[PDB]
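Asker: test case, fold it:
(8 chains, ligands or ions: 8)
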Number of protein chains: 8
Amino acid sequence: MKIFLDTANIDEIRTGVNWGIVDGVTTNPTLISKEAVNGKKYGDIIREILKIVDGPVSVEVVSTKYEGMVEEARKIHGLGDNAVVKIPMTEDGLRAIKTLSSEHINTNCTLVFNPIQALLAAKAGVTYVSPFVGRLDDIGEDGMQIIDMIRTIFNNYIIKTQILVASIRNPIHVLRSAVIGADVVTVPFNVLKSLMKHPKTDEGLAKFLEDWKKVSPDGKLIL
Amino acid sequence: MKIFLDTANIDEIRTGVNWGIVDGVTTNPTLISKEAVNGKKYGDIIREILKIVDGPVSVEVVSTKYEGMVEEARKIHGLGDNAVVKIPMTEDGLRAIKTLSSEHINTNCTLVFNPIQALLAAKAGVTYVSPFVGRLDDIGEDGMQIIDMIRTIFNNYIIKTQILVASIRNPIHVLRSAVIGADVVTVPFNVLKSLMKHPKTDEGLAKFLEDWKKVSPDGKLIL
Amino acid sequence: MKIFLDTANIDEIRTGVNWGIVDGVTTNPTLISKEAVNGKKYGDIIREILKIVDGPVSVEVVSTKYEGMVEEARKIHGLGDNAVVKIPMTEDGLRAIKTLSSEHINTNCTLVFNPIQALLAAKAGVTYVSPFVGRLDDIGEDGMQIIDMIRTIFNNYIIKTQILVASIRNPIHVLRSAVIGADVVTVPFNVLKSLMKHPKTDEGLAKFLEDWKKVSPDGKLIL
Amino acid sequence: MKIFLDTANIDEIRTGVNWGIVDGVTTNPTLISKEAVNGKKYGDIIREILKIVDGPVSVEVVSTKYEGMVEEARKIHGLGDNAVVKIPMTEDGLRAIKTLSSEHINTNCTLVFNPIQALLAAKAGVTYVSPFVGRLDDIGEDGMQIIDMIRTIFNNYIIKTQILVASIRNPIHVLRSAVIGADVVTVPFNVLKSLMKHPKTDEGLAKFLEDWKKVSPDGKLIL
Amino acid sequence: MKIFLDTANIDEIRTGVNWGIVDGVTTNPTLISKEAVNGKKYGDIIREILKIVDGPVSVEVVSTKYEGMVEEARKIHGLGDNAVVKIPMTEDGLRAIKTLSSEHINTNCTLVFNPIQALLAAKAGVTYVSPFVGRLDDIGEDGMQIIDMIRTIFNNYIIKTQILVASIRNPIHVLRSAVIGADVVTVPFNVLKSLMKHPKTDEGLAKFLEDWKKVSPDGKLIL
Amino acid sequence: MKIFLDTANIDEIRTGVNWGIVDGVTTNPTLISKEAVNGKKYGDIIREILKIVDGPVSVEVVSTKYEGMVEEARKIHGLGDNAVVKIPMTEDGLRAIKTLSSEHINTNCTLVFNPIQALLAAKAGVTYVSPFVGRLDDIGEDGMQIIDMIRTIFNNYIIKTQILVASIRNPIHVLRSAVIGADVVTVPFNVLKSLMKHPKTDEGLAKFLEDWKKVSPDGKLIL
Amino acid sequence: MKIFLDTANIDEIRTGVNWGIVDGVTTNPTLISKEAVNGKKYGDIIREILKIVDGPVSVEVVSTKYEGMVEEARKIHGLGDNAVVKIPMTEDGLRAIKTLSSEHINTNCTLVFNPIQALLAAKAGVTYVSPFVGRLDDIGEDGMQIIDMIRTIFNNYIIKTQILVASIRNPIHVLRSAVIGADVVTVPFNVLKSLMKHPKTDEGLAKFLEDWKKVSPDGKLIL
Amino acid sequence: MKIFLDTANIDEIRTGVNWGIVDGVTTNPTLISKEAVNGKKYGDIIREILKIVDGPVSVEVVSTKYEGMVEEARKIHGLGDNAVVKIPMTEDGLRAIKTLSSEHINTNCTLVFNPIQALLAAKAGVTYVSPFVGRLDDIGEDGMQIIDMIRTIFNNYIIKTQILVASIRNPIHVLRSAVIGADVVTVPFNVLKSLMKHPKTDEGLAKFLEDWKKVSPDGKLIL
Ligand SMILES: *[C@@H](CO)[C@@H](O)[C@H](O)[C@H](O)COP(=O)(O)O
Ligand SMILES: *[C@@H](CO)[C@@H](O)[C@H](O)[C@H](O)COP(=O)(O)O
Ligand SMILES: *[C@@H](CO)[C@@H](O)[C@H](O)[C@H](O)COP(=O)(O)O
Ligand SMILES: *[C@@H](CO)[C@@H](O)[C@H](O)[C@H](O)COP(=O)(O)O
Ligand SMILES: *[C@@H](CO)[C@@H](O)[C@H](O)[C@H](O)COP(=O)(O)O
Ligand SMILES: *[C@@H](CO)[C@@H](O)[C@H](O)[C@H](O)COP(=O)(O)O
Ligand SMILES: *[C@@H](CO)[C@@H](O)[C@H](O)[C@H](O)COP(=O)(O)O
Ligand SMILES: *[C@@H](CO)[C@@H](O)[C@H](O)[C@H](O)COP(=O)(O)O
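Answerer: Numbers count the residues shown, from 1 in each chain, chains lettered A, B, ... in the order given. Ligands and ions are numbered 1, 2, ... in the order given. I have put the structure below:
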């Protein structure tokens, strides 16, 4: 399972990249607009993320019509080979996806909330599809069930579109995605940092350290 | 999973095809005769649909006897290479499918209501088999269960007949078909149009566009 | 399981009532406004339905604010002891339900789409809660799964609110409701009439009558 | 589980009753037509069964209309206290059951092929409902699955109508009925006879006899 | 669960009874005739077992006809109040059980090989029913499954006939019977003797006694 | 799944073959005795079936001893390449199958009633094994459960012997066989006929015809 | 699944071998010492069994120490290429297995009572591992559960050691072994003979032969 | 499944190695510090284990910072080609593993307590990952569940990192690990010795020996 970071915050991205556990980044119009304040320009934010991240970087078109989507998509693609164009699940978007796919431009279909929307995006040739589990949880439906169904459907038809679990809110979304077999999760920075941690790791490390000092007061391993 | 449109209404068909999500069309004598009114001829309706749709188009014979079915089948085949001959599940129908298969004429066995009828159709060499889930629902039996058994039976024997789920009434027939692994669903226009939609898609798009205006008054993405 | 009719059509109501199988009626502002045409007044329609139907008749308030809802509820209540006041799942609706329940006015909480909404309506003292299965099916979620969870939750806490399955579209919503153990279903007229029917019932009756004529030429049963 | 004999053959009935294993009898117009030949009159056959059998005896009305059904039902009831009036699952049939129930005349709703028909019959106050398992098997649906659903539905609502499994064709219909918990099975004579038998019972008997001969040549147990 | 000893060997019976774990005894014509050799009379063997065992003692009739079975049954009953009359699962046997039950003579229906035979025996009013699990194992069917179905059937109908598992060959028949909830098992002496034993019991006792000697050379517990 | 006809009636065989749905035929000494009446000779009946049927035709030996079985088997094989020699599950039968297998004569082991008998037949190299589901149903055991176990065992060991389900009595034996994945079912003619039929197929046909009349009074499809 | 005979009795071995159903033989020091009576020598018995049985013949070492086991194993091996050396699950036994496996001497690890014992034997390179199901049943644990776990463990690691189910007591140990997918069962003679038998096979053969005599008075099959 | 010894005690390791059942060794700073007393130097201890054990030996770094971990790992590596460098699940630890993996130094990520930590370790390229089952048991969580999830996750993604079950406390951790399919278990000496033993093995050997004495007073096997 690949792990992407779901943010437009450059500091967060730089840190996660520096940890070596980030395989890519997702953005969306809300996340970018949060960061493009106090003289910060969105064009600069996007270019900076593309430069810092080796992996796929998803950038969302803002037009709602086919022609505008395809034109924006081409500009996003021109910004770098790791750019992936994020396109909403709408009639115009499926059309754009079909065109872009034939032009060999990688795509990510977003705002997906059920498995049949996901199947339609796959049939358009989308590179990634992004179901929003946390927004389903928000409305009282267990969003991970939709991921499970999408995994079964894609398996049934040997679908090559990657399932990119998005709207992730906690480490159990992550654990369940892995057990299901989702291709990718994209996680907010707070969730990312928690994934490596466990109180028994900390306690175990401390005890080992303590016991080692019994035989090596300096606390080092001399071999 | 292929998605076919189940109608003879040419306006619905043009619209569905323009959306890019329609892989084919199914008709039947009721659907055609609905449109073949007020001067409009059934011969014209059938030809027009064949011209419009790139994918398979199922057209049903009306004869109930072997020789008549085969004669009509061959006329249907002659109207275009994408024509598929719909043949009912009867003794004469199984005979006709077996002959037409040997003549390399694609066939669709219809009016199937249990898994053994579907197996017989596959043994006759039919290209598609069409079990009717909504008409079983109508008589108080969950029609989707028959689709599940057919998928199992076909998997057991490596059967190459495609399961074409028909008499579809709602998007959950479609979802369950995909999870089962049916090869094709054929859906009425109303159902078709709902498949791309979800209220959280609409709401999410609105929010993205409101947030974007904050950093781009004109609402565009200049890259 | 009680069976209500979901319509404001007096002819459908009179017909179903004469069948002896209708235990009540549910209406809503759309169903009523459909029938208040050609000079037909909504006040007359409502009174006429109350008169014809011995069982509970749900009538929806139209105000969206607490004070208006309770004022309308009290007027609805005064139309006959079989009137049930239908109130939507909103903040003010819950406040209204709690007030009306204390006044011993029967209530039906409507526009419920998940089990926690239903639980909150029950906690407010509502008489019936109406989850909308068909509208969930419309958006690619199996609506019956919500009924099953509500049944379990209500059983856990010995909740006396009745589950009234609404937005019913076919006889399998009805079958599944009964197997789950929902208290009530409300069904459109087309669905209601279909519930008694089965082709083997027809075929079986025909054969019995044929066989009887062999021993009783006039088809009589004289004892 | 009660066991009824499904026949109008007087010799079968006397024999089964005299096995001590038969708790009642079901007839229908076909079964009676079979016996009422060569001068034998249906009225005499019906009286004789009522006479010989202590348990319930179901006799079916032939009228298809409400008034005729109720008239014939009252005549059937008049022939003896053990008479149960068989009424088909139709609109008129349900109305008749409701009337007859209020008159304290026992009723058995027949020609039932799905669980919701069975529920409607129960809601009309019927004493027994009779789903036809064998005739569902005939059309490629496992009829015992409808018995299982009806048992669950009736348990859910604490329904007092008895489930009377009919159209029984083999001893496995009988076994599965008992494991499900159906109230009654009605069985043809040849199936009845088979229920007592097993090859290992026969072999075990023969061996006990052979071993006993060694200790007692005359095969008696003298105590 | 009652545990009966399945033998006519008087030495085995005295031993088992002295252990305190034998609640009753079952015999059959083979078991008795095995012991009734070299001068020993079957009448004497039967009487001696009745005297020795406080609990129920099953003794099988040899007659195959109703009148003879009943005559023998009554003689068996007269030998002592703890006598239980074993009657085979045959047409005449069911008749005999029904008569003997009305005479308050306890009965045990034997040579039962499926759950429907067991149900018929219970309907005749039998005190115990004895399905033969080992003889089903002998013919390649897992006999315990029949016990499981019988327990379910009896639970469904609140049947008071006790399930007496017979033809027991090993301690896993006994364990599975207990987990199922059979009322009684009857076991051959060899199987009986193994039930109390386990190698870890033996080893644990040895260790306890070795450890105790360390604080009590004489190996006693002076309190 | 292959479908064979289980009969020796030549009219049935010709009719089924001429439906195109029959892949072979099974006979046995009873079925043949039925036809070999009024001067009709068994040798002529067997030759005629071999002649008319392109697929396998099973013919059963009558000798009960190894030498007679092998002698008769070689004669049966000599009548045509499609002949399959039916051999019962006995000690001599297994020896015969082994010999005949080494001679490249196809064999079908019959009178199989549990999964281990089926395994022994497979180990002897038999071409088909025929478990008798209906005869197990007769003695109160669900015979389809043995087919399920045999399918699992044969899958486990990659066994090439084909499972040929026999003693079929109804269409549900057929459905369950297909869902399990049995290689072949052999069915009596009346069961064969029933497999193609369904009331909704008939009703659907009638309605299509009625609707088509409106657009084409003569009921033709002129293209 | 291979079937071995578990005995040292030459008559049983010769009989089973002549049946064609025995694939090998297992012995152990108890079985051999049973047969080495009346001046019969264990060396002669072993050689005679090796001579009669074409398949694997397991012969157990008697030394408890590593050096003695390997010395005895090498002598066993020299008696014929079909000899398999049976070695107990002990520390020295595992060491011996590892040594012998390297020398390409086939081995069978015996006295195995749990799945981890079996895994350790496999890790030492053993040819067969023999878990003792009947001896577990003796102590109140279902021995077949250990076979199932060993099958799963061996499948997980693609282990080539064969599971040889031993201490078999009845035909259900055999049936369950086949369903689990054990490689071999070894069975006492009484069990082996029972595997071919079933009362419905006998009854069925008798009826066929009776029916045939109606058309062939001499009971012949002349073709 | 590979089996490692979890200890730094040379006496235990030499014993396990001599038994032939030990495939490698794990140590940690606590285990080493326990042995490095009364004049024993941790450096001699590590070297001695490396020498005695043919297979992988895991030795943990003590540094908590990236540079120090990588330096220590290289020293550890240099001590012998069978050295595996144990590195804790921390930020610097994952960085170290990635660097060491690129240097072809085998790594083992320790102090893992949930499946997502295990996945992160795998993603860094670690050779083995060691979840601590016993320490989860200590805090009231069944540690084996985490192993099951890791197995599923690794299977989903065809992950080559080996699952090394650690903190093992009893033989059922070992059994469950094998049933799950973990790649390796590492076990304390007391557990390891227990794995070969079972009381029925001891009992069975004793009996075999007693019976062989009957045939060969001196207990030898002369062939
Ligand atoms: C794009 C799809 O990969 C992502 O940036 C998604 O928009 C976010 O994961 C959505 O999360 P929220 O529900 O927190 O907006
Ligand atoms: C042909 C078979 O694929 C289709 O046109 C079917 O006839 C319809 O799908 C049947 O649907 P209705 O039950 O709604 O007529
Ligand atoms: C009131 C709640 O019982 C009912 O009238 C509901 O509004 C309808 O059942 C809604 O159904 P639709 O989704 O078909 O409007
Ligand atoms: C009445 C209902 O209890 C019965 O006589 C039923 O009509 C028969 O059981 C129906 O069986 P068939 O399908 O064999 O007519
Ligand atoms: C009487 C019924 O409880 C018993 O004695 C049975 O006859 C035996 O239990 C039958 O056992 P076998 O199959 O071992 O004879
Ligand atoms: C041969 C095996 O393929 C078949 O003819 C079987 O004998 C019959 O199918 C047995 O069926 P019955 O139980 O009806 O004789
Ligand atoms: C050797 C291992 O295959 C066999 O001879 C076993 O020793 C026997 O199967 C043991 O059976 P018992 O528990 O009946 O002695
Ligand atoms: C290293 C594998 O990472 C091992 O030595 C583990 O530290 C031990 O297996 C941990 O066991 P405890 O929980 O008993 O310390």
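Asker: for residue A:88, give me phi and psi.
Answerer: Per-residue torsions, residue A:88: phi -70, psi 160 (degrees, to the nearest 10).
Asker: that one pairs with what?
Answerer: residue A:110 (DSSP bridges).
Asker: I figured it hits residue A:111, correct?
Answerer: Yes. If you go by CB atoms under 8 Å, residue A:88 and residue A:111 touch, sitting 4.8 Å apart. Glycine gets a C-beta too; all of them are placed from N, C-alpha and C.
Asker: the two: who's more crowded?
Answerer: More crowded of residue A:88 and residue A:111, by other CB atoms under 10 Å in any protein chain shown: residue A:111, with 27 against 23.
Asker: thinking again about what came up before, and for residue A:88 and residue A:111, which residues touch both?
Answerer: B:201, B:204, B:205 (CB atoms under 8 Å, 6 or more residues apart in numbering or on different chains).
Asker: name the single longest helix found in chain A.
Answerer: In chain A, taking DSSP state H as the definition, the longest helix is helix A:199-215.
Asker: mind listing what the residue lying farthest from the centre of chain A touches?
Answerer: What lies farthest from the middle of chain A is residue A:215; by CA atoms, centre = their mean that is 46.4 Å. Taking CB under 8 Å, 6+ apart, we find residue A:215 in contact with H:32, H:33, H:36, H:37, H:42.
Asker: sec struct for the fourth one, please.
Answerer: Secondary structure assignment for residue H:37 (DSSP: H, G, I helix; E, B strand; the rest coil): coil.
Asker: skipping adjacent residues, who's closest to it in space?
Answerer: residue A:215 (7.5 Å; CB to CB, 6 or more residues apart in numbering or on different chains).
Asker: kindly report the same for the first one.
Answerer: What sits nearest to residue H:32 in space, not counting adjacent residues and going by CB to CB, 6+ apart, is residue H:8, at 4.5 Å.
Asker: quick check: bridge partners of the residue most central in space within chain A?
Answerer: Against the mean C-alpha coordinate of chain A, by CA atoms, centre = their mean, the closest residue is residue A:186 at 2.6 Å. Note on residue A:186: beta-bridge partners by DSSP bridges are residue A:4.
Asker: I'd say it and residue A:168 touch.
Answerer: Yes. In this structure residue A:186 lies within contact range of residue A:168 using CB under 8 Å: 6.6 Å.
Asker: state the distance from residue A:193 to ligand 7.
Answerer: 57 Å (CB to the nearest ligand atom, to the nearest Å).
Asker: now do the residue nearest to residue A:86 when sequence neighbours are not counted against residue A:26, distance only.
Answerer: Spatial nearest neighbour of residue A:86, excluding adjacent residues (CB to CB, 6+ apart): residue A:60 at 3.8 Å. Computed with CB to CB, to the nearest Å, the distance linking residue A:60 and residue A:26 is 9 Å.
Asker: what sits in contact with each of those two?
Answerer: Counting by CB under 8 Å, 6+ apart, the residues touching both residue A:60 and residue A:26 are residue A:86.
Asker: select only the buried ones of the contacts of residue A:215 in PyMOL?
Answerer: Per 16 or more other CB atoms under 10 Å in any protein chain shown, the buried members of those correspond to this PyMOL selection:
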select buried, chain H and resi 32+33+36+42
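Asker: ok, now which ones touch the residue of chain A found nearest ligand 4?
Answerer: For chain A, the nearest residue to ligand 4 under the criterion CB to the nearest ligand atom is residue A:156, separated by 39.5 Å. By CB under 8 Å, 6+ apart, residue A:156 lies in contact with B:1, B:178, B:179, B:180, B:181.
Asker: now go through those residues and say which are in helices.
Answerer: Per DSSP H, helices hold the following members of those: B:178, B:179, B:180.
Asker: and the residues you listed, which is closest to residue G:56?
Answerer: Residue G:56 lies nearest to residue B:180 out of these, by CB to CB, at 46.9 Å.
Asker: I'd guessed the closest one sits against residue B:145; true?
Answerer: No. Using CB under 8 Å as the test, residue B:180 is too far from residue B:145 to be in contact (9.7 Å).
Asker: when these two are compared, which one has more neighbours?
Answerer: The neighbour comparison of residue B:180 against residue B:145 (other CB under 10 Å) goes to residue B:180, with 21 against 16.
Asker: quick one: residue A:84 is in a strand?
Answerer: Yes. Per three-state DSSP, residue A:84 lies within a strand segment.
Asker: ok, it - contacts?
Answerer: Applying CB under 8 Å, 6+ apart, the residues near residue A:84 are A:56, A:57, A:58, A:59, A:106, A:107, A:108, A:127, A:128.
Asker: mind running it again at 7 Å?
Answerer: Going by CB atoms under 7 Å, 6 or more residues apart in numbering or on different chains, residue A:84 touches A:56, A:57, A:58, A:106, A:107, A:108, A:127, A:128.
Asker: now the third one: phi and psi?
Answerer: For residue A:58, the backbone dihedrals (degrees, to the nearest 10) come out as phi -90, psi 120.
Asker: show me which residues of chain A sit near ligand 1.
Answerer: Counting by CB under 6 Å from any ligand atom, the residues of chain A close to ligand 1 are A:6, A:26-28, A:58, A:86, A:108, A:110, A:130, A:132, A:134-135, A:164, A:166-167, A:186.
Asker: quick one, strands of chain A?
Answerer: Counting by DSSP state E, chain A has strands at residues A:2-6, A:24-26, A:57-60, A:83-88, A:107-112, A:128-131, A:162-165, A:184-187.
Asker: which other helices and strands contact the first one?
Answerer: Using 3 or more CB pairs under 7 Å, 6 or more residues apart in numbering or on different chains; DSSP states H and E as the contact test, the elements touching strand A:2-6 are helix A:10-19, strand A:24-26, strand A:184-187.
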